[PDB]
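Single chain ahead, written as structure tokens, the form deposited without the ligand.
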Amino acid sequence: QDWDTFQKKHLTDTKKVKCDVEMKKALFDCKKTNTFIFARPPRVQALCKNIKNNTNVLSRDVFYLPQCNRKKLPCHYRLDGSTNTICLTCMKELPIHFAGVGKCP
């Protein structure tokens, strides 16, 4: 929605995310899936430099993407992972949505 929420929902400083601890947060509310990006804010923010507002951009570089996937109700997950390019939605040169991976929508 916004840059602050994007960082909380999609950035991680660790590869081993504690899915069951984080996903129960109102931020995630035990949703089906959430993908994190292993990167510091500055590197991710740079991807939106020069990008038109409310449009998507695909990174040239790859990132490691820890992913929490709901396995058992109501809030139990399995940690998965993959590496790929990321597609972000930009607004005022700041990421506001994690649009897709490997390619933009």
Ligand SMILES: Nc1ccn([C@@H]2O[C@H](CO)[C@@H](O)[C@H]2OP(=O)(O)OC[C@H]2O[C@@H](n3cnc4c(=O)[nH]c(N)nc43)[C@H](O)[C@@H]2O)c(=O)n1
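We number the residues from 1 along the sequence you see.
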Highest mean C-alpha temperature factor of the two stretches 18-26 and 85-93, which is it?
18-26
Determine, for stretches 27-35 and 50-58, which one has the higher mean CA B-factor as deposited.
50-58
Looking at the temperature factor on the CA atom of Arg78, which third of the chain's modelled residues does it land in?
middle
Split into thirds by Cα B-factor across the chain's modelled residues, where does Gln1 land: lowest, middle or highest?
highest
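Not pictured, yet referred to below: the form solved in complex with the ligand.
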Classify as open or blocked. Procedure: superimpose site C-alphas, place the ligand with its pose in the entry with it bound, test each ligand atom against backbone and C-beta atoms at 2.4 Å; 3 or more hits mean blocked.
open
4.5 angstroms heavy atom contact with the ligand in the entry with it bound for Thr33:
yes
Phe6 near the ligand in the entry with it bound, any heavy atom under 4.5 Å?
no
Against the ligand in the entry with it bound, would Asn69 count as a contact residue? Criterion: heavy atoms within 4.5 Å.
yes
Which residues from 2-23 come close to the ligand in the entry with it bound, meaning a heavy atom within 4.5 Å?
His10
